[PDB]
Ligand SMILES: COc1ccc(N2CCN(c3cccc(C)c3)CC2)nn1
């Protein structure tokens, strides 16, 4: 129950439960498959 | 939920969301169309 | 809500920027009447300028 | 969810453990690519590492102090701590600062909590009960000058009145000019040859003004204000390397000269355990 | 040097060519703008965004 | 007024030049107005530097 | 017969071929794109010179020697004088751009050495003075010359200490930023595509640089016996999806 | 209430209003348009800066006095230094453009005078020396200053005799070219839209001017009694549908 009118006044947000490290761990242009050779 | 009986005791009103500047910006008797000459 | 529409070159007989202020009106001229604009949205309602808000603290 | 699958002997032409790090990727290698594993489940979600959780607890961001005393003959209230402002910022104290600067841009609502306690360091008959007023003087507003200016009427400026010993609490929406708060800024406010460099030229959210509403009693009373800040509704972009050297200034990245080696030297060889 | 009806009047000189009639920066919360209704309201708020309409009526 | 946040300048110049008819002389004036387009947004209310006081008024 | 190894990038009227690449990085897995209306604020139609600005400019070459500490360029600064890109830059009030960065360094199978090529969004430098000394404008706008981390401290300039990234963080952790290594034994180029990253939809190109490109020797250069002890490093960079807006008189900037 | 008389032209970030126009001429009844593929030869994609080059540049003003003979500007020369139009010009090998020309001259209902405003495609000037003396480059590239037909013969310059259009034809027949009069009693501006006219699809902007704009007093200026005896004439011109192609190093031209 929100007792207040504005959105800033609500409690903390709830877990992204998004999670996708590939923008950070695999930003390569041509896809790399694990197990296939790195450099062909 | 109002806890009180009288109307003065309720919280602030809620946004007019009315908004019509023409009583102030265009109080002319004969309508002016933008693009048409001001004085004919 | 659009804050500005897209508008391009103009070569008209219809000039929205020439007016006669002696009339007492403020003609509703916009950026797109005199330069070439691109679309943009308002993203805003004018909530905090409502008189209830202005006199309500 | 499985944390590890079962995997047995391998004799392949398909080697997942040989890679080329020059590419910039971190290939997702697992225990089961190089030893024989058994199934196990995660039993865990990673709840408490969510950025909302990481930045979402109150941190002390500022400690200031004001006193209640006879202002009679004081030529400069501000200077007597009759009242005190706080050119608002979060770079002041280092604990929360290192946490935020793990990100480049951050966006969130703030929920401030203000604790005020009183001290009476010299002989008093009693402890008086003072009411503090905290008024947010955004940029472009009259700035107090005396501890009871017309300013403090604060007819258009949000202000909270609470008692010393108590706490005041109120949150404010994300009041950044941009789409997010910059944690860093490699720019200037204009192409001037001598204008400052860095964030400072963006941090312009005004200052918080504190004062006691009470007139003076016979003794003097020191009131010390602690502001706590909790981020709610957090959004963070672009992770960066954590801060290694100590901080020297609000808003610049500068570290102190003749600082000490930050990497612990081995007591022994490279070969040592 | 003292407020006068005359500071509302921008003068124009006959026969000058190429020259400049007036100049101002656009700090709507200060300077010329500051006492106008626009200037006067803008001052009740911290941030502004939007287009301005500047018109000149010839007399 | 703030630098980072500054908005520009407005200037006005003779394009050709003012020309008065015969039997006429001196300066002519322009009146100038300012108003906001429907585009405009203002936010985060605060107190105006345009009004202050030193003692409460009375009747 | 496609290898990760050979590549061709054609952009405008200019083409680059590498026969010894190590894939390419696209920052944060996003490719440069123009500014959508939903994200727009300024009402001005923007100018998109296209092929006259989106081509490859090769900056002047550096020389890696055994004593090198590393070099740093800022964008869009490094290009402030390249062809029509630069003119547009000084002439509009606002502009926006992504880039393709191609760093080149070839040697032989007897050399060793490894460079880190990294892009840091919003790289705010530190003053070597400490305290709250600022870093003057000119110092953070070296132009095509870039900053040479093995040059001496100057007054009003930034600190040039490599183990600290010019900001109080350790060299070792720069790997959290989009980056690629050039290991003479593997690699001979590094290519990174940079999408436009800012907290505003479009900004000024002169008062704010939005990425520093940094090339840092990490495993020292080691040449074969009686080889000349140095290799040149060349940086070629191409603006991509550039847009300029708010045209006028032409900025005048310090120094 | 539309009159032939009032008009507004908005092009780029610039607008012109006239309250005393006399219609507008569109050369040969054709409006500027880009270069179609069917007509193309150079294989290069062209650059269309759009709003940054297609706006109105106002050249410096002239002064009509009772002794004036007339002035002449060449295009694209007159604009060789205006903003990004000019940069593009020196930086590409080829370019192409149409223009809107707006000539301004206001007076009062007591003045008299009438100017001819005409656009001449391929106006090859004559040497005042006769024979086969050429007209040097600099002389036919006056820039924004244009040529002042009442200035003196110079050496290597063109002839400036008005009854002969600077080429051996009579002033009276200039009316076969797109033109408009400014008759103080009627008119206060002249506007001509110029489509791109050439025998090749695109050309060099520096070695060849494709139109001369000419403003010539024909009925002498006559001011009311004890009026100052002169009026300024201003020329504002806007490139329209401009395209540049073959970008490179940046031409260096005489003088
Ligand atoms: C560097 O990042 C940040 C992040 C948040 C922040 N602000 C400071 C000002 N603050 C604020 C805003 C409104 C009212 C009051 C009392 C305080 C909000 C958070 N400042 N810098």
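Positions of Cβ are backbone-derived with ideal geometry, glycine not excepted, and every protein chain shown enters the neighbour counts. None of the figures in this text is laboratory data; all of them are computed from the coordinates on show.
Label position 7 Å from Cα toward Cβ: report the copy-to-copy distances for residue G:81 in nm, one decimal, ordered from shortest.
Nearest first, the other copies' label points are 2.3 nm away.
Give, in whole angstrom and from largest to smallest, the semi-axes √(5λ) of the equivalent ellipsoid of the range G:191-246, with λ running over the eigenvalues of the Cα gyration tensor.
37, 12, 10
Can you sort D:243, H:185, D:38, H:5 by how many other beta carbons sit within 10 Å, fewest first?
Result, fewest neighbours first: D:38, H:185, H:5, D:243.
Count the DSSP beta bridges whose two residues both fall in the protein assembly as shown, then state the antiparallel fraction as a percent rounded to the nearest 5.
Numbers: 182 of 190 bridges.
So the antiparallel bridges in the protein assembly as shown amount to around 95 percent.
Just the ratio, please: alpha-carbon radius of gyration of chain B over 2.2 N^0.38 Å, N its number of residues.
Chain B yields a ratio of 2.30.
What's the whole-number percent of alpha carbon pairs in the range D:75-136 lying beyond 20 angstrom?
53 percent
So what's the gap between the Cα centers of chain C and the range H:204-246, to the nearest angstrom?
35 Å
Taking only the Cα atoms of chain H, how large is their convex hull per residue, in Å³?
140 Å³
222 nm [θ] for the protein assembly as shown, helices only, -39500 (n - 2.57) per DSSP H run of 4+, per residue, to 500? Mind dumping the intermediate values first?
Numbers: 8 runs with 49 residues, N = 1038.
Computed mean residue ellipticity for the protein assembly as shown: -1000 deg cm²/dmol.
Taking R0 as 41 Å, what's the FRET efficiency between residue F:10 and residue B:9 from their Cβ-Cβ distance, rounded to 0.05? The partial results should precede the final answer.
Working: r = 50 Å, r/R0 = 1.23.
So, using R0 = 41 Å, E works out to roughly 0.20.
Using only Cα positions of the range H:152-255, each an equal point scatterer, no hydration layer, compute I(q)/I(0) via Debye at q = 0.17, 0.24 Å⁻¹ and quote the log10 values to two decimals.
-1.17, -1.48
Got the residue H:229 label distances to the other copies yet, label 7 Å along Cα→Cβ, in nm, shortest first?
So the label point of residue H:229 gives 8.4 nm to the other copies.
Relative contact order for chain D: what is it in percent, counting Cα pairs under 8 Å that are at least 6 residues apart?
Relative contact order of chain D: 30 percent.
Taking only C-alpha pairs under 8 Å that are 6+ residues apart, what is the relative contact order of chain C in percent?
50 percent
With N denoting the number of residues in the protein assembly as shown, provide Rg(C-alpha) divided by 2.2 N^0.38 Å, to two decimal places.
1.13
If r is the Cβ-Cβ distance from residue D:48 to residue G:132 and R0 is 30 Å, what FRET efficiency results, to the nearest 0.05?
FRET efficiency, residue D:48 to residue G:132: 0.25.
Can you sort D:149, E:30 from fewest to most other Cβ atoms within 10 Å of each residue's own Cβ? Spell out each step's value before the answer.
On the way: D:149 19, E:30 15.
The fewest-first ordering by Cβ neighbours comes to E:30, D:149.
Quick check: the distance between the Cα centres of chain E and the range B:7-21, to the nearest angstrom?
Answer, in whole Å: 34.
How long are the semi-axes of the equivalent ellipsoid of the range G:55-158, taking √(5λ) for every eigenvalue λ of the Cα gyration tensor, in whole Å from largest down?
25, 22, 11
Let a ≥ b ≥ c be the square roots of the eigenvalues of the Cα gyration tensor of chain F; is it rounded (a/c under 1.5), or, if not, prolate (a/b larger than b/c) or oblate?
On the way: a/c = 3.23, a/b = 1.73, b/c = 1.86.
Taking the square roots of the gyration eigenvalues as a ≥ b ≥ c, chain F is oblate.
Among chain G residues, which Cβ is nearest the axis of the G-onto-H rotation, and at how many Å?
Rotation axis G onto H, closest Cβ, rounded to whole Å: G:87, 2.
Report the residue of chain A with the smallest Cβ-to-axis distance, using the rotation axis that brings A onto B, in whole Å.
Taking Cβ atoms only, the nearest residue and its distance are A:1, 9.
Consider just the alpha-carbon atoms of chain D and return their Rg together with their Dmax, both in angstrom.
26.5, 91
Return a whole-number percent for the relative contact order of chain H, with Cα pairs under 8 Å and 6 or more residues apart as the contact set.
39 percent
With a 10 Å Cβ neighbour count serving as the proxy for reagent exposure, in which order, fewest first, do A:28, D:262 appear?
Ranked by crowding around the Cβ, least crowded first: D:262, A:28.
Per residue, what volume in Å³ does the Cα convex hull of the range H:1-93 take up?
Dividing the Cα hull volume of the range H:1-93 by its residues yields 181 Å³.
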